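Written out below as structure tokens is the structure these notes cover.
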Amino acid sequence: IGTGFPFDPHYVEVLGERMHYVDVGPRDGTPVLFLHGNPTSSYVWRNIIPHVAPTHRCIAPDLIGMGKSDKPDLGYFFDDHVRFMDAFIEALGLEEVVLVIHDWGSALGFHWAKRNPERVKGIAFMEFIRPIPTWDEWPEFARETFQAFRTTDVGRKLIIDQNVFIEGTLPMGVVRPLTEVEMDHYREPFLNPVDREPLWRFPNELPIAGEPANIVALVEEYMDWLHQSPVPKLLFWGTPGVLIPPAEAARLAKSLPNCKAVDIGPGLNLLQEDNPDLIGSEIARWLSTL
Ligand SMILES: *CCCCCCOCCOCCNC(=O)c1ccc(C2=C3C=C/C(=N\C)C=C3[Si](C)(C)c3cc(N)ccc32)c(C)c1
Ligand SMILES: [Cl-]
């Protein structure tokens, strides 16, 4: 599994800030937009994109405050990411797109798709954000820590002061051990504690047990849309999984229209790090059917 990131940096000015993005593949045709989550960057797509770039434009931005993008003085609420991602898509002149999305990137992608369905030609997704109505429906192995993350005292001490979301949560979202080189890539945007606000606000935005109500409502809305939409859907899932355990993938396979579910084998949250070969190859095959 490759550890390098051989993509030329590109920057675009968005709402007075610079946003870094990967942009490879042809110039014409429908682009494929890859959206990462927490605490990753476009680095998480590094071994997926090379399967698609031979025949389709691949665009992979770093969310504001993450990766190589600028780090303004913000709270880094989901609403902040929505505003910047909306402007990013406009700044690039994108019309129709195919989405490939993960974790908070899937919240952004599904929310954009719900608001602009005529422009979405397909969605490939994995380990995505859905409403978690109670803590009992959150995976047991992650309950105590995410409950502590969602406080302003201990949660900030863990995530901001001790960088626990990078040194702990990230590696336990991958089945295989991440190498020192790979960890250093993920650590790079957050070496300074003063830059770690996105890592704490994101888990505090997760729609769990009715809080925050605004996020619960928006996620419920895009899940209702997805259940009614004829858009082609490609769902990757693994075992044991984290956000999408095998039982939930099964429920989704049955209920979502026009959906193919693909079992990647062993996987937790960062499925791209455990089976990039299958994920990239399957996306490349699926795009020809859209
Ligand atoms: C959309 C966002 C959702 C992403 C899904 C989450 O992906 C991760 C998968 O779920 C992980 C479940 N993990 C936990 O609940 C958890 C247990 C322990 C710790 C933690 C670790 C973990 C690993 C590690 N290296 C092997 C080191 C630590 Si430390 C820094 C010693 C630690 C200290 C304290 N006080 C608490 C917890 C840990 C974590 C972070 C998560
Ligand atoms: Cl999170």
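Identifiers for the structure tokens are assigned positionally: chains receive A, B, ... in sequence, residues are indexed from 1 per chain, and ligands are indexed from 1 in the order shown.
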Name the residues of stretch 68-272 of chain A that fall into helix (DSSP H, G or I) according to DSSP on the backbone, using the chain letters and numbers of this document, as a short mmCIF file (atom, residue, chain, number, x, y, z; two decimals) with N, CA, C and O atoms, in the first residue's frame.
```cif
data_model
loop_
_atom_site.label_atom_id
_atom_site.label_comp_id
_atom_site.auth_asym_id
_atom_site.auth_seq_id
_atom_site.Cartn_x
_atom_site.Cartn_y
_atom_site.Cartn_z
N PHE A 78 -19.70 22.32 11.17
CA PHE A 78 -20.12 21.79 9.88
C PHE A 78 -20.58 22.90 8.95
O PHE A 78 -20.27 22.88 7.76
N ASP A 79 -21.31 23.89 9.47
CA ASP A 79 -21.78 24.99 8.63
C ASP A 79 -20.62 25.74 7.99
O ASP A 79 -20.75 26.23 6.86
N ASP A 80 -19.48 25.84 8.68
CA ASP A 80 -18.32 26.48 8.08
C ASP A 80 -17.82 25.65 6.90
O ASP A 80 -17.52 26.20 5.83
N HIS A 81 -17.74 24.33 7.07
CA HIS A 81 -17.29 23.48 5.98
C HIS A 81 -18.28 23.50 4.82
O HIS A 81 -17.87 23.45 3.66
N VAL A 82 -19.58 23.58 5.11
CA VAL A 82 -20.56 23.66 4.03
C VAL A 82 -20.32 24.90 3.20
O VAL A 82 -20.32 24.86 1.96
N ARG A 83 -20.10 26.04 3.85
CA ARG A 83 -19.91 27.29 3.13
C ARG A 83 -18.66 27.22 2.26
O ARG A 83 -18.70 27.62 1.08
N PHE A 84 -17.56 26.70 2.80
CA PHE A 84 -16.32 26.66 2.03
C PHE A 84 -16.41 25.64 0.90
O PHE A 84 -15.92 25.90 -0.21
N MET A 85 -17.02 24.48 1.15
CA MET A 85 -17.12 23.47 0.09
C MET A 85 -18.06 23.92 -1.02
O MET A 85 -17.79 23.69 -2.20
N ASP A 86 -19.16 24.58 -0.66
CA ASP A 86 -20.04 25.16 -1.67
C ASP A 86 -19.27 26.12 -2.57
O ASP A 86 -19.38 26.08 -3.80
N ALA A 87 -18.49 27.01 -1.95
CA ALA A 87 -17.72 27.99 -2.70
C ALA A 87 -16.60 27.33 -3.50
O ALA A 87 -16.29 27.79 -4.61
N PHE A 88 -16.00 26.27 -2.95
CA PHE A 88 -14.97 25.56 -3.69
C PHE A 88 -15.54 25.00 -4.99
O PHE A 88 -14.92 25.11 -6.05
N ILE A 89 -16.70 24.35 -4.90
CA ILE A 89 -17.31 23.73 -6.08
C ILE A 89 -17.66 24.80 -7.11
O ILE A 89 -17.51 24.59 -8.32
N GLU A 90 -18.11 25.96 -6.64
CA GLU A 90 -18.42 27.06 -7.55
C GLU A 90 -17.16 27.66 -8.15
O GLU A 90 -17.12 27.95 -9.36
N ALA A 91 -16.13 27.85 -7.33
CA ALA A 91 -14.90 28.46 -7.82
C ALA A 91 -14.27 27.64 -8.95
O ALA A 91 -13.59 28.20 -9.82
N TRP A 104 -16.99 12.71 7.50
CA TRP A 104 -17.60 14.04 7.38
C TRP A 104 -17.68 14.48 5.94
O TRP A 104 -18.52 15.32 5.60
N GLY A 105 -16.79 13.97 5.07
CA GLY A 105 -16.93 14.21 3.65
C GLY A 105 -18.24 13.69 3.09
O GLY A 105 -18.79 14.27 2.16
N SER A 106 -18.75 12.61 3.66
CA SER A 106 -20.04 12.09 3.23
C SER A 106 -21.19 12.98 3.70
O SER A 106 -22.19 13.13 2.98
N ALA A 107 -21.08 13.58 4.90
CA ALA A 107 -22.09 14.55 5.31
C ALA A 107 -22.10 15.73 4.35
O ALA A 107 -23.17 16.18 3.91
N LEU A 108 -20.93 16.24 4.00
CA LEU A 108 -20.85 17.33 3.03
C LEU A 108 -21.41 16.90 1.68
O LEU A 108 -22.19 17.62 1.05
N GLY A 109 -21.01 15.72 1.21
CA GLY A 109 -21.43 15.28 -0.11
C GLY A 109 -22.92 15.01 -0.19
O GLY A 109 -23.58 15.41 -1.16
N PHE A 110 -23.46 14.30 0.81
CA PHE A 110 -24.89 14.01 0.80
C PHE A 110 -25.70 15.30 0.96
O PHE A 110 -26.75 15.45 0.33
N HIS A 111 -25.24 16.23 1.80
CA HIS A 111 -25.96 17.49 1.97
C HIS A 111 -25.95 18.31 0.69
O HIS A 111 -26.97 18.92 0.34
N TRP A 112 -24.82 18.35 -0.02
CA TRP A 112 -24.78 19.02 -1.31
C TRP A 112 -25.66 18.30 -2.32
O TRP A 112 -26.40 18.95 -3.07
N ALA A 113 -25.62 16.97 -2.35
CA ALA A 113 -26.43 16.22 -3.31
C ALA A 113 -27.91 16.43 -3.06
O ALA A 113 -28.68 16.60 -4.02
N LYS A 114 -28.34 16.42 -1.80
CA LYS A 114 -29.75 16.66 -1.50
C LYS A 114 -30.20 18.02 -2.00
O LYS A 114 -31.33 18.18 -2.47
N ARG A 115 -29.32 19.02 -1.93
CA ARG A 115 -29.67 20.37 -2.33
C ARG A 115 -29.52 20.58 -3.82
O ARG A 115 -30.08 21.54 -4.36
N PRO A 117 -29.67 17.72 -6.49
CA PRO A 117 -29.67 16.34 -7.01
C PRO A 117 -29.49 16.23 -8.51
O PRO A 117 -28.91 15.25 -8.98
N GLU A 118 -29.99 17.20 -9.28
CA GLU A 118 -29.89 17.10 -10.73
C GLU A 118 -28.44 17.11 -11.21
O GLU A 118 -28.17 16.73 -12.35
N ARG A 119 -27.50 17.53 -10.36
CA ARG A 119 -26.10 17.63 -10.74
C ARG A 119 -25.25 16.46 -10.29
O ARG A 119 -24.04 16.44 -10.57
N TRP A 135 -26.95 6.79 22.24
CA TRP A 135 -25.61 6.27 22.44
C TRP A 135 -25.56 4.75 22.37
O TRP A 135 -24.49 4.19 22.10
N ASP A 136 -26.69 4.07 22.62
CA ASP A 136 -26.72 2.62 22.51
C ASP A 136 -26.47 2.14 21.08
O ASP A 136 -26.04 1.00 20.89
N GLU A 137 -26.75 2.98 20.08
CA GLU A 137 -26.51 2.66 18.68
C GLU A 137 -25.13 3.09 18.19
O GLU A 137 -24.79 2.82 17.03
N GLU A 140 -19.96 0.13 20.78
CA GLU A 140 -19.57 0.09 22.19
C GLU A 140 -18.11 0.45 22.38
O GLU A 140 -17.76 1.20 23.30
N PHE A 141 -17.23 -0.07 21.52
CA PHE A 141 -15.81 0.18 21.68
C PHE A 141 -15.45 1.66 21.58
O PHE A 141 -14.36 2.05 22.02
N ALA A 142 -16.34 2.49 21.03
CA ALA A 142 -16.06 3.91 20.84
C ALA A 142 -16.94 4.81 21.70
O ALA A 142 -16.93 6.03 21.51
N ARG A 143 -17.68 4.24 22.65
CA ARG A 143 -18.67 5.02 23.39
C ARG A 143 -18.03 5.91 24.44
O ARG A 143 -18.29 7.12 24.49
N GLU A 144 -17.20 5.33 25.31
CA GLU A 144 -16.61 6.11 26.39
C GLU A 144 -15.76 7.25 25.85
O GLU A 144 -15.84 8.38 26.35
N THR A 145 -14.97 7.00 24.81
CA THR A 145 -14.08 8.04 24.31
C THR A 145 -14.86 9.15 23.60
O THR A 145 -14.58 10.34 23.79
N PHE A 146 -15.82 8.79 22.75
CA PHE A 146 -16.55 9.84 22.04
C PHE A 146 -17.47 10.61 22.97
O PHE A 146 -17.72 11.79 22.74
N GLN A 147 -17.94 9.98 24.05
CA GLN A 147 -18.67 10.74 25.06
C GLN A 147 -17.76 11.75 25.74
O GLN A 147 -18.19 12.89 26.02
N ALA A 148 -16.51 11.37 26.00
CA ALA A 148 -15.57 12.31 26.60
C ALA A 148 -15.13 13.37 25.59
O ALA A 148 -14.92 14.53 25.94
N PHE A 149 -14.98 12.98 24.32
CA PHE A 149 -14.65 13.96 23.29
C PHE A 149 -15.66 15.09 23.25
O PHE A 149 -15.30 16.24 22.99
N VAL A 154 -12.59 17.79 29.30
CA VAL A 154 -11.80 16.60 29.01
C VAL A 154 -11.64 16.41 27.50
O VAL A 154 -10.56 16.03 27.02
N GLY A 155 -12.69 16.68 26.74
CA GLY A 155 -12.62 16.46 25.31
C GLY A 155 -11.59 17.35 24.63
O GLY A 155 -10.88 16.91 23.72
N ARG A 156 -11.51 18.61 25.06
CA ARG A 156 -10.48 19.50 24.52
C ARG A 156 -9.09 19.10 25.03
O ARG A 156 -8.12 19.15 24.27
N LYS A 157 -8.98 18.68 26.29
CA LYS A 157 -7.70 18.19 26.77
C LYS A 157 -7.21 17.01 25.93
O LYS A 157 -6.04 16.96 25.52
N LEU A 158 -8.10 16.07 25.64
CA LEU A 158 -7.69 14.90 24.87
C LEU A 158 -7.36 15.26 23.43
O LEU A 158 -6.30 14.89 22.91
N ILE A 159 -8.28 15.93 22.75
CA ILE A 159 -8.11 16.14 21.31
C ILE A 159 -7.13 17.28 21.02
O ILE A 159 -6.29 17.15 20.11
N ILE A 160 -7.23 18.39 21.73
CA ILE A 160 -6.42 19.56 21.41
C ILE A 160 -5.07 19.52 22.11
O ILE A 160 -4.04 19.72 21.47
N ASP A 161 -5.06 19.26 23.41
CA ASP A 161 -3.78 19.28 24.13
C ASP A 161 -2.94 18.04 23.84
O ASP A 161 -1.73 18.15 23.62
N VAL A 164 -5.23 13.34 20.70
CA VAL A 164 -5.68 11.95 20.77
C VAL A 164 -6.42 11.53 19.51
O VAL A 164 -6.44 10.34 19.18
N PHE A 165 -7.08 12.45 18.81
CA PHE A 165 -7.77 12.05 17.59
C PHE A 165 -6.81 11.61 16.50
O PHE A 165 -7.17 10.78 15.65
N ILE A 166 -5.58 12.15 16.49
CA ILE A 166 -4.58 11.75 15.51
C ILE A 166 -3.79 10.54 15.99
O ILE A 166 -3.54 9.61 15.22
N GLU A 167 -3.39 10.53 17.26
CA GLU A 167 -2.53 9.47 17.76
C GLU A 167 -3.30 8.24 18.20
O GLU A 167 -2.72 7.16 18.30
N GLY A 168 -4.60 8.37 18.46
CA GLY A 168 -5.40 7.25 18.88
C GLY A 168 -6.54 6.90 17.95
O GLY A 168 -6.58 5.80 17.40
N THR A 169 -7.45 7.85 17.73
CA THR A 169 -8.67 7.53 16.99
C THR A 169 -8.35 7.13 15.56
O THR A 169 -8.91 6.16 15.04
N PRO A 171 -5.44 5.74 14.11
CA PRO A 171 -4.95 4.36 13.94
C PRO A 171 -5.97 3.29 14.28
O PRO A 171 -5.99 2.23 13.64
N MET A 172 -6.85 3.51 15.27
CA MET A 172 -7.85 2.47 15.51
C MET A 172 -9.01 2.51 14.52
O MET A 172 -9.95 1.72 14.65
N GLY A 173 -8.96 3.39 13.53
CA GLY A 173 -9.88 3.33 12.42
C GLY A 173 -9.34 2.57 11.24
O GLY A 173 -10.01 2.50 10.19
N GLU A 180 5.04 4.68 10.14
CA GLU A 180 5.48 5.99 10.62
C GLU A 180 5.36 7.04 9.53
O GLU A 180 4.97 8.19 9.80
N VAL A 181 5.69 6.69 8.28
CA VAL A 181 5.57 7.65 7.19
C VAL A 181 4.11 8.07 7.02
O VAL A 181 3.81 9.27 6.86
N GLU A 182 3.20 7.10 7.04
CA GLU A 182 1.79 7.42 6.88
C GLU A 182 1.28 8.28 8.03
O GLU A 182 0.58 9.28 7.81
N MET A 183 1.64 7.92 9.27
CA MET A 183 1.25 8.73 10.42
C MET A 183 1.79 10.16 10.31
O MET A 183 1.10 11.12 10.65
N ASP A 184 3.03 10.31 9.82
CA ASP A 184 3.61 11.64 9.69
C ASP A 184 2.84 12.48 8.68
O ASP A 184 2.70 13.70 8.86
N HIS A 185 2.35 11.87 7.60
CA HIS A 185 1.51 12.60 6.67
C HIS A 185 0.23 13.08 7.35
O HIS A 185 -0.20 14.22 7.14
N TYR A 186 -0.41 12.22 8.13
CA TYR A 186 -1.63 12.62 8.81
C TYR A 186 -1.36 13.62 9.93
O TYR A 186 -2.22 14.47 10.22
N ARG A 187 -0.18 13.55 10.55
CA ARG A 187 0.13 14.46 11.65
C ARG A 187 0.44 15.86 11.14
O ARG A 187 0.29 16.85 11.87
N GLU A 188 0.91 15.98 9.90
CA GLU A 188 1.53 17.23 9.45
C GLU A 188 0.66 18.46 9.65
O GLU A 188 1.18 19.48 10.11
N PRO A 189 -0.64 18.44 9.34
CA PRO A 189 -1.44 19.67 9.48
C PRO A 189 -1.68 20.10 10.92
O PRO A 189 -2.15 21.23 11.14
N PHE A 190 -1.37 19.25 11.90
CA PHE A 190 -1.80 19.45 13.29
C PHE A 190 -0.64 19.42 14.28
O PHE A 190 -0.87 19.19 15.48
N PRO A 193 -0.72 22.66 18.45
CA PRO A 193 -2.04 22.52 19.08
C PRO A 193 -3.04 23.60 18.70
O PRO A 193 -4.26 23.34 18.68
N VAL A 194 -2.58 24.80 18.35
CA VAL A 194 -3.50 25.90 18.05
C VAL A 194 -4.25 25.68 16.76
O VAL A 194 -5.18 26.45 16.45
N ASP A 195 -3.88 24.66 15.99
CA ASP A 195 -4.50 24.35 14.71
C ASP A 195 -5.44 23.16 14.79
O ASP A 195 -5.89 22.67 13.75
N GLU A 197 -8.50 22.82 16.27
CA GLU A 197 -9.93 23.03 16.51
C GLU A 197 -10.82 22.15 15.64
O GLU A 197 -11.81 21.61 16.17
N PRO A 198 -10.57 21.96 14.33
CA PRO A 198 -11.45 21.08 13.54
C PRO A 198 -11.53 19.68 14.10
O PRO A 198 -12.59 19.04 13.99
N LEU A 199 -10.45 19.18 14.69
CA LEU A 199 -10.44 17.81 15.18
C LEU A 199 -11.36 17.62 16.37
O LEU A 199 -11.85 16.52 16.59
N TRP A 200 -11.59 18.68 17.16
CA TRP A 200 -12.50 18.61 18.30
C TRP A 200 -13.92 18.98 17.91
O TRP A 200 -14.88 18.36 18.39
N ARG A 201 -14.11 19.99 17.06
CA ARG A 201 -15.47 20.41 16.75
C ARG A 201 -16.21 19.35 15.94
O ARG A 201 -17.42 19.16 16.10
N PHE A 202 -15.49 18.65 15.05
CA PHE A 202 -16.13 17.61 14.25
C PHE A 202 -16.82 16.55 15.10
O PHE A 202 -18.01 16.28 14.87
N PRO A 203 -16.16 15.89 16.06
CA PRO A 203 -16.87 14.89 16.87
C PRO A 203 -18.00 15.50 17.68
O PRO A 203 -18.98 14.81 18.00
N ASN A 204 -17.91 16.80 18.00
CA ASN A 204 -18.99 17.50 18.68
C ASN A 204 -20.14 17.85 17.74
O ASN A 204 -21.20 18.21 18.23
N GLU A 205 -19.95 17.71 16.43
CA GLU A 205 -21.01 17.90 15.46
C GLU A 205 -21.71 16.60 15.08
O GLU A 205 -22.77 16.67 14.44
N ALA A 213 -28.88 19.66 17.43
CA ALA A 213 -30.16 19.46 16.75
C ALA A 213 -30.09 19.86 15.28
O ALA A 213 -30.74 19.23 14.43
N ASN A 214 -29.34 20.91 14.96
CA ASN A 214 -29.26 21.36 13.57
C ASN A 214 -28.63 20.29 12.69
O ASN A 214 -29.06 20.09 11.54
N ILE A 215 -27.60 19.60 13.19
CA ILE A 215 -26.96 18.55 12.40
C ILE A 215 -27.87 17.33 12.29
O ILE A 215 -27.96 16.71 11.24
N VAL A 216 -28.52 16.96 13.39
CA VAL A 216 -29.46 15.84 13.35
C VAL A 216 -30.50 16.06 12.26
O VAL A 216 -30.82 15.15 11.49
N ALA A 217 -31.03 17.28 12.16
CA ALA A 217 -32.08 17.56 11.19
C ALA A 217 -31.54 17.48 9.76
O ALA A 217 -32.19 16.89 8.89
N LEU A 218 -30.37 18.06 9.52
CA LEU A 218 -29.77 18.03 8.19
C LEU A 218 -29.40 16.62 7.76
O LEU A 218 -29.58 16.25 6.60
N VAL A 219 -28.88 15.81 8.69
CA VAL A 219 -28.52 14.44 8.34
C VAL A 219 -29.77 13.59 8.12
O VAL A 219 -29.82 12.77 7.20
N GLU A 220 -30.79 13.78 8.96
CA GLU A 220 -32.05 13.08 8.73
C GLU A 220 -32.61 13.44 7.36
O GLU A 220 -33.14 12.57 6.65
N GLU A 221 -32.48 14.70 6.96
CA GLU A 221 -33.02 15.14 5.68
C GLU A 221 -32.29 14.51 4.50
O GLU A 221 -32.92 14.05 3.55
N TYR A 222 -30.95 14.45 4.54
CA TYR A 222 -30.25 13.85 3.40
C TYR A 222 -30.38 12.33 3.38
O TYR A 222 -30.30 11.73 2.31
N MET A 223 -30.63 11.70 4.53
CA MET A 223 -30.89 10.26 4.54
C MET A 223 -32.27 9.95 3.98
O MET A 223 -32.44 8.95 3.27
N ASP A 224 -33.26 10.80 4.28
CA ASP A 224 -34.56 10.64 3.65
C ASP A 224 -34.46 10.83 2.14
O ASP A 224 -35.06 10.08 1.37
N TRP A 225 -33.71 11.84 1.71
CA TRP A 225 -33.50 12.04 0.28
C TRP A 225 -32.84 10.83 -0.37
O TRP A 225 -33.26 10.36 -1.44
N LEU A 226 -31.78 10.31 0.25
CA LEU A 226 -31.06 9.18 -0.33
C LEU A 226 -31.97 7.97 -0.48
O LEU A 226 -31.89 7.24 -1.47
N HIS A 227 -32.86 7.75 0.49
CA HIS A 227 -33.76 6.60 0.44
C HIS A 227 -34.80 6.71 -0.65
O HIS A 227 -35.41 5.70 -1.01
N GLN A 228 -35.01 7.91 -1.20
CA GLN A 228 -36.00 8.13 -2.24
C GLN A 228 -35.37 8.41 -3.60
O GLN A 228 -36.10 8.48 -4.60
N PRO A 246 -21.48 -4.51 9.49
CA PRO A 246 -22.10 -5.38 8.47
C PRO A 246 -23.62 -5.41 8.51
O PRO A 246 -24.26 -5.42 7.46
N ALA A 247 -24.22 -5.38 9.71
CA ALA A 247 -25.68 -5.41 9.79
C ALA A 247 -26.29 -4.15 9.17
O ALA A 247 -27.34 -4.21 8.54
N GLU A 248 -25.66 -3.00 9.38
CA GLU A 248 -26.19 -1.76 8.82
C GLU A 248 -26.00 -1.73 7.31
O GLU A 248 -26.88 -1.27 6.57
N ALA A 249 -24.85 -2.21 6.82
CA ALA A 249 -24.65 -2.31 5.38
C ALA A 249 -25.73 -3.18 4.75
O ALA A 249 -26.24 -2.87 3.67
N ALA A 250 -26.10 -4.28 5.42
CA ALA A 250 -27.15 -5.15 4.90
C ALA A 250 -28.48 -4.41 4.83
O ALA A 250 -29.19 -4.47 3.82
N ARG A 251 -28.84 -3.71 5.91
CA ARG A 251 -30.08 -2.94 5.90
C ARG A 251 -30.07 -1.92 4.77
O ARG A 251 -31.10 -1.71 4.10
N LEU A 252 -28.92 -1.28 4.53
CA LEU A 252 -28.85 -0.26 3.49
C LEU A 252 -28.91 -0.88 2.10
O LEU A 252 -29.55 -0.32 1.20
N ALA A 253 -28.26 -2.03 1.91
CA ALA A 253 -28.33 -2.71 0.62
C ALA A 253 -29.78 -2.97 0.22
O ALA A 253 -30.17 -2.80 -0.95
N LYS A 254 -30.61 -3.37 1.19
CA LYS A 254 -32.00 -3.70 0.90
C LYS A 254 -32.84 -2.46 0.66
O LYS A 254 -33.78 -2.50 -0.15
N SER A 255 -32.53 -1.35 1.34
CA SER A 255 -33.44 -0.21 1.39
C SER A 255 -33.11 0.90 0.41
O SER A 255 -34.02 1.61 -0.03
N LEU A 271 -11.64 2.78 5.41
CA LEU A 271 -11.60 1.62 4.52
C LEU A 271 -10.57 1.79 3.40
O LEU A 271 -9.99 0.81 2.92
N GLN A 272 -10.32 3.03 2.98
CA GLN A 272 -9.35 3.28 1.93
C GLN A 272 -7.96 2.77 2.30
O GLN A 272 -7.15 2.49 1.40
#
```
### Message
So that I can check the surroundings of residue A:259, please list as a VMD selection string every protein, DNA and RNA residue that reaches within 10 Å of it, counting only C-alpha atoms and ignoring chain neighbours fewer than 6 positions away.
### Response
chain A and resid 123 to 124 230 to 235 252 to 253
Keeping only C-alpha atoms, write those residues as a tab-separated table (two decimals), in the first residue's frame.
```tsv
chain	number	residue	atom	x	y	z
A	123	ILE	CA	-22.36	8.56	-5.28
A	124	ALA	CA	-19.76	6.11	-4.01
A	230	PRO	CA	-32.76	7.09	-8.08
A	231	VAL	CA	-29.11	8.26	-8.15
A	232	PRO	CA	-26.66	5.38	-8.72
A	233	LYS	CA	-25.13	4.38	-5.39
A	234	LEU	CA	-22.04	2.32	-4.64
A	235	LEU	CA	-21.56	1.43	-0.97
A	252	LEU	CA	-28.85	-0.26	3.49
A	253	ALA	CA	-28.33	-2.71	0.62
```
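Counting only C-alpha atoms and comparing A:92, A:57, A:191, A:103, the residue that lies closest to residue A:128 is A:103.
Distance annotation: of A:46, A:51, A:71, A:36, the residue with the minimal separation from ligand 2 is A:36; atom set is only C-alpha atoms and all ligand atoms.
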### Task
Could you give me, as a ChimeraX atom specification, the residues within 7 Å of residue A:127, counting only C-alpha atoms and dropping anything in the same chain fewer than 6 positions from it?
/A:102-103,243-244,269
Given the selection you just returned, output its residues as a file containing N, CA, C and O atoms, formatted as a CSV table (one decimal), in the first residue's frame.
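Generated output (out.csv):
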```
chain,number,residue,atom,x,y,z
A,102,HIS,N,-16.6,10.0,2.3
A,102,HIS,CA,-16.3,9.3,3.5
A,102,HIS,C,-16.4,10.2,4.7
A,102,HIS,O,-16.0,11.3,4.7
A,103,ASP,N,-17.0,9.6,5.8
A,103,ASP,CA,-17.0,10.3,7.1
A,103,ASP,C,-17.6,11.7,7.0
A,103,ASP,O,-18.7,11.8,6.4
A,243,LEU,N,-18.7,3.0,11.8
A,243,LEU,CA,-20.0,3.7,11.6
A,243,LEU,C,-21.0,2.8,10.8
A,243,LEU,O,-22.2,3.0,11.1
A,244,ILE,N,-20.6,2.0,10.0
A,244,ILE,CA,-21.5,1.1,9.1
A,244,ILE,C,-21.1,-0.3,9.4
A,244,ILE,O,-20.4,-0.9,8.5
A,269,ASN,N,-12.9,2.2,10.0
A,269,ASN,CA,-13.5,3.4,9.5
A,269,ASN,C,-12.8,3.8,8.2
A,269,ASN,O,-13.5,4.1,7.2
```
#### Entry: Among listed residues A:5, A:236, A:286, A:76, nearest ligand 2 (using only C-alpha atoms and all ligand atoms)
A:76
### Message
Show me, as a ChimeraX atom specification, the residues that have an atom within 12 Å of stretch 18-27 of chain A when counting only C-alpha atoms, minus same-chain residues fewer than 2 positions from it.
### Response
/A:5-16,29-36,41-46,49-72,81,84-85,87-89,91-92,94
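We find atom CA of residue A:48 and atom CA of residue A:126 to be spaced 13.1 Å apart.
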### Query
Residues of stretch 124-187 of chain A in strand (DSSP E or B) according to DSSP, as a PyMOL selection string?
chain A and resi 124-128+132
For N, CA and C atoms, I'd like the residues from the last selection saved as an mmCIF file, in the first residue's frame.
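Output saved as part-v6.cif:
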```cif
data_model
loop_
_atom_site.group_PDB
_atom_site.id
_atom_site.type_symbol
_atom_site.label_atom_id
_atom_site.label_comp_id
_atom_site.auth_asym_id
_atom_site.auth_seq_id
_atom_site.Cartn_x
_atom_site.Cartn_y
_atom_site.Cartn_z
ATOM 1 N N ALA A 124 -20.452 7.205 -4.682
ATOM 2 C CA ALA A 124 -19.763 6.109 -4.010
ATOM 3 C C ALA A 124 -19.430 6.561 -2.598
ATOM 4 N N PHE A 125 -19.752 5.728 -1.613
ATOM 5 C CA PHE A 125 -19.646 6.151 -0.227
ATOM 6 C C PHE A 125 -19.285 4.970 0.656
ATOM 7 N N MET A 126 -18.789 5.299 1.843
ATOM 8 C CA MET A 126 -18.314 4.311 2.793
ATOM 9 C C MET A 126 -18.231 4.994 4.153
ATOM 10 N N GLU A 127 -18.541 4.248 5.211
ATOM 11 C CA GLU A 127 -18.321 4.707 6.580
ATOM 12 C C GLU A 127 -18.772 6.155 6.746
ATOM 13 N N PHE A 128 -20.069 6.355 6.521
ATOM 14 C CA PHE A 128 -20.665 7.671 6.372
ATOM 15 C C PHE A 128 -21.477 8.051 7.598
ATOM 16 N N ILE A 132 -27.591 9.011 14.678
ATOM 17 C CA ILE A 132 -27.436 8.012 15.733
ATOM 18 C C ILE A 132 -28.361 8.413 16.877
#
```
## Note on the structure
Correct to one decimal, the distance atom 8 (C, counted along the ligand's line) of ligand 1-atom CA of residue A:38 is 9.7 Å
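Atom pair atom CA of residue A:289 / atom CA of residue A:273: separated by 25.5 Å.
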